[PDB]
Amino acid sequence: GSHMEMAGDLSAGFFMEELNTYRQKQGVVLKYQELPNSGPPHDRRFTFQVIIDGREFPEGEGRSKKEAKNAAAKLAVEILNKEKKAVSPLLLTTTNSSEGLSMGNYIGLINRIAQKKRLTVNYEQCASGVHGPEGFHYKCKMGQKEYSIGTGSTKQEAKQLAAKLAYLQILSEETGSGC
């Protein structure tokens with residue numbers, strides 16, 4: 001950790017004025033402590049201590065000189081430097097995140113279960129516009145042996161229900177083991 005041999009401030013700071021910089025970007029607080037000469041092995045080195053916010057307890061040594069204040073302030077920067085590694089699992093467990101609502105389409109997922117459990121997926125339709133107030137009759141087949149024929153009030157109400165009819169049918173289709 002030794003390096004500078006010309007540091008030692010006497011007006012303002014130095015690596016501290018730098019440390020004091022990012023600490024303001026995180027909204028933390030610089031709290032310096034001091035426990036000089038404590039090494040039992042007659043090693044009267046300088047063991048300083050310094051926190052960043054109010055929950056950590058980092059520290060370092062540099063002997064009796066700037067190396068102490070610099071080591072304490074220097075190693076503090078090495079803190080944010082690190083912590084950049086991921087430590088949480090994969091996805092989070094929040095009950096919100098993006099909007100759920102699952103898929104909103106339907107004619108699309110029907111073609112999905114088709115190639116999934118290999119089946120047929122097509123849609124035909126015969127609008128019943130005889131007098132007018134009559135309605136719209138649609139016809140569609142899905143599965144491998146079922147004709148999802150469906151009728152709707154509007155050409156659009158039909159299509160969506162067209163899938164729903166067969167789609168909700170594959171769910172009810174308990175046949176698919178080999179008979």
# chains A, B, ... in the order shown; residues from 1 in each chain; ligands from 1
call {"tool": "closest_atom_pairs", "arguments": {"of": "stretch 59-173 of chain A", "to": "stretch 9-25 of chain A", "cutoff": "10 Å", "atoms": "only C-alpha atoms", "output": "JSON lines"}}
result
{"residue": "A:66", "atom": "CA", "partner": "A:9", "partner_atom": "CA", "distance": 7.7}
{"residue": "A:69", "atom": "CA", "partner": "A:16", "partner_atom": "CA", "distance": 8.6}
{"residue": "A:70", "atom": "CA", "partner": "A:15", "partner_atom": "CA", "distance": 6.6}
{"residue": "A:71", "atom": "CA", "partner": "A:15", "partner_atom": "CA", "distance": 9.3}
{"residue": "A:72", "atom": "CA", "partner": "A:16", "partner_atom": "CA", "distance": 9.3}
{"residue": "A:73", "atom": "CA", "partner": "A:16", "partner_atom": "CA", "distance": 5.9}
{"residue": "A:74", "atom": "CA", "partner": "A:15", "partner_atom": "CA", "distance": 6.5}
{"residue": "A:75", "atom": "CA", "partner": "A:19", "partner_atom": "CA", "distance": 9.9}
{"residue": "A:76", "atom": "CA", "partner": "A:19", "partner_atom": "CA", "distance": 7.5}
{"residue": "A:77", "atom": "CA", "partner": "A:19", "partner_atom": "CA", "distance": 6.4}
{"residue": "A:80", "atom": "CA", "partner": "A:22", "partner_atom": "CA", "distance": 9.1}
call {"tool": "select_by_dssp", "arguments": {"residues": "stretch 26-82 of chain A", "states": "strand (DSSP E)", "output": "number ranges by chain"}}
result
A: 31-36, 46-51, 59-61
call {"tool": "write_last_selection", "arguments": {"atoms": "N, CA, C and O atoms", "output": "short mmCIF file (atom, residue, chain, number, x, y, z; two decimals), in the first residue's frame"}}
result
data_model
loop_
_atom_site.label_atom_id
_atom_site.label_comp_id
_atom_site.auth_asym_id
_atom_site.auth_seq_id
_atom_site.Cartn_x
_atom_site.Cartn_y
_atom_site.Cartn_z
N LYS A 31 -16.20 9.24 7.62
CA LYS A 31 -15.91 9.30 9.09
C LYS A 31 -14.54 8.67 9.32
O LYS A 31 -14.36 7.48 9.20
N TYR A 32 -13.56 9.48 9.62
CA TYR A 32 -12.18 8.95 9.84
C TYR A 32 -11.92 8.70 11.33
O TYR A 32 -12.35 9.45 12.18
N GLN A 33 -11.19 7.66 11.63
CA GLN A 33 -10.84 7.34 13.04
C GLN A 33 -9.32 7.21 13.11
O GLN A 33 -8.64 7.37 12.11
N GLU A 34 -8.75 6.94 14.26
CA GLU A 34 -7.26 6.85 14.32
C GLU A 34 -6.80 5.96 15.47
O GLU A 34 -7.10 6.20 16.63
N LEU A 35 -6.05 4.94 15.15
CA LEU A 35 -5.50 4.01 16.19
C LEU A 35 -4.02 3.76 15.86
O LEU A 35 -3.66 2.73 15.33
N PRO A 36 -3.20 4.76 16.14
CA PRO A 36 -1.75 4.71 15.84
C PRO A 36 -1.00 3.69 16.70
O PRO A 36 -1.42 3.33 17.79
N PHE A 46 1.04 2.49 11.80
CA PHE A 46 -0.14 3.37 11.96
C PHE A 46 -1.37 2.65 11.44
O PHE A 46 -1.52 2.43 10.25
N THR A 47 -2.26 2.31 12.31
CA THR A 47 -3.50 1.61 11.88
C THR A 47 -4.66 2.59 11.93
O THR A 47 -5.24 2.84 12.96
N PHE A 48 -5.00 3.17 10.81
CA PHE A 48 -6.12 4.15 10.79
C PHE A 48 -7.41 3.43 10.45
O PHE A 48 -7.41 2.29 10.04
N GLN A 49 -8.52 4.10 10.61
CA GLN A 49 -9.83 3.47 10.29
C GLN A 49 -10.72 4.52 9.63
O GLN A 49 -10.66 5.69 9.96
N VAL A 50 -11.54 4.13 8.69
CA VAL A 50 -12.41 5.13 8.03
C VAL A 50 -13.66 4.47 7.44
O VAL A 50 -13.58 3.46 6.76
N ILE A 51 -14.80 5.03 7.69
CA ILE A 51 -16.07 4.47 7.15
C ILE A 51 -16.49 5.32 5.95
O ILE A 51 -15.86 6.32 5.65
N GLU A 59 -10.36 -0.44 6.84
CA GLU A 59 -9.19 0.16 7.55
C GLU A 59 -7.90 -0.22 6.82
O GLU A 59 -7.92 -1.02 5.90
N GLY A 60 -6.79 0.34 7.20
CA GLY A 60 -5.51 0.01 6.52
C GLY A 60 -4.33 0.54 7.33
O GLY A 60 -4.51 1.21 8.33
N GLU A 61 -3.12 0.25 6.92
CA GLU A 61 -1.93 0.74 7.67
C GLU A 61 -0.95 1.43 6.72
O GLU A 61 -0.98 1.22 5.52
#
call {"tool": "residues_around", "arguments": {"residues": "stretch 117-133 of chain A", "least_positions_apart": "6", "cutoff": "12 Å", "atoms": "only C-alpha atoms", "output": "number ranges by chain"}}
result
A: 107-111, 139-156, 158-163, 165-167, 170-171, 173, 175-177
call {"tool": "atom_distance", "arguments": {"atom1": "atom CA of residue A:81", "atom2": "atom CA of residue A:54"}}
result
18.1 Å
call {"tool": "atom_distance", "arguments": {"atom1": "atom CA of residue A:116", "atom2": "atom CA of residue A:100"}}
result
23.4 Å
